[PDB]
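Going down the list, the protein sequences come from chains Q and A.
183 is the number of the first residue of the first sequence in the entry's author numbering; add one for each residue after it.
75 is the number of the first residue of the second sequence in the entry's author numbering; add one for each residue after it.
Take a look at the structure below.
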Amino acid sequence: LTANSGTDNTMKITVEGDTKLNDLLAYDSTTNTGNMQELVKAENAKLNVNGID
Amino acid sequence: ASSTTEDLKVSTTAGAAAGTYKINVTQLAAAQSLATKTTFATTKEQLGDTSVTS
């Protein structure tokens with residue numbers, strides 16, 4: 183599962199009504215713990231235009 | 075789909091998902107080639123025995 187770009191798009195997933203699936207699909211990005219590993223890490227674009235960051 | 079390199083070619087079938095993928099290629103497939111040790115004289119000189127018919 184991939185989200186859009188940026189660090190305001192990190193995901194916190196939960197499955198309600200099912201338990202096996204919740205054991206499969208459950209992540210929390212505030213604490214960086216869940217049932218799903220993280221292949222890519224979110225980032226923001228940083229640039230410098232005429233000395234303004 | 076579009077790629078930033080020319081060593082990697084990319085095509086898309088029906089059903090993909092939008093996004094950006096970061097490919098690293100580590101190794102390339104090869105194929106086994108076997109060569110006879112005993113080089114011959116002509117491409118019409120007989121190699122197997124002429125006693126057998128099949």
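In this text, a Cβ means the ideal position worked out from N, Cα and C, and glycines have one as well.
Please list, in chain order, all residues of the same chain as residue i whose beta carbon is under 6 Å from its beta carbon, the five residues on each side excluded.
i: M218 of chain Q; result: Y209
If we ignore side chains and look at the alpha-carbon of each, how far apart do residue i and residue j end up?
i: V197 of chain Q; j: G233 of chain Q; result: 47 Å
i: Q120 of chain A; j: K111 of chain A; result: 16 Å
i: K96 of chain A; j: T201 of chain Q; result: 33 Å
i: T79 of chain A; j: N98 of chain A; result: 11 Å
i: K118 of chain A; j: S85 of chain A; result: 46 Å
i: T213 of chain Q; j: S107 of chain A; result: 54 Å
i: residue 134 of chain A; j: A90 of chain A; result: Beyond the ends of chain A as shown, which are 75 and 128, falls residue 134 of chain A; an answer cannot be given.
i: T184 of chain Q; j: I195 of chain Q; result: 12 Å
i: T124 of chain A; j: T87 of chain A; result: 54 Å
i: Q101 of chain A; j: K228 of chain Q; result: 33 Å
i: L203 of chain Q; j: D235 of chain Q; result: 44 Å
i: residue 47 of chain A; j: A115 of chain A; result: Outside the displayed range of chain A (75 to 128) lies residue 47 of chain A, so it cannot be described from this structure.
i: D81 of chain A; j: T215 of chain Q; result: 38 Å
What residue does the alpha helix (DSSP H) around residue i start on, and which one ends it?
i: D123 of chain A; result: It is not in any alpha helix (DSSP H) - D123 of chain A carries neither H nor E in the DSSP assignment.
CB-CB under 7 Å to residue i, same chain, minus the five flanking residues each way: which ones, in chain order?
i: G188 of chain Q; result: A224, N226
Just list the residues that DSSP pairs residue i with in beta bridges.
i: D210 of chain Q; result: Q:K194, Q:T215
i: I97 of chain A; result: Paired residues: none, contrary to the question.
i: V231 of chain Q; result: Q:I234
Just to check, is the beta-carbon of residue i closer than 7 Å to a non-hydrogen atom of the ligand SAM?
i: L206 of chain Q; result: No copy of the ligand SAM appears in this structure; indeed no ligand is present at all.
Quick one: residues in its chain with C-beta nearer than 8 Å to the C-beta of residue i, no 5 flanking neighbours on either side, listed in chain order?
i: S77 of chain A; result: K83, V84
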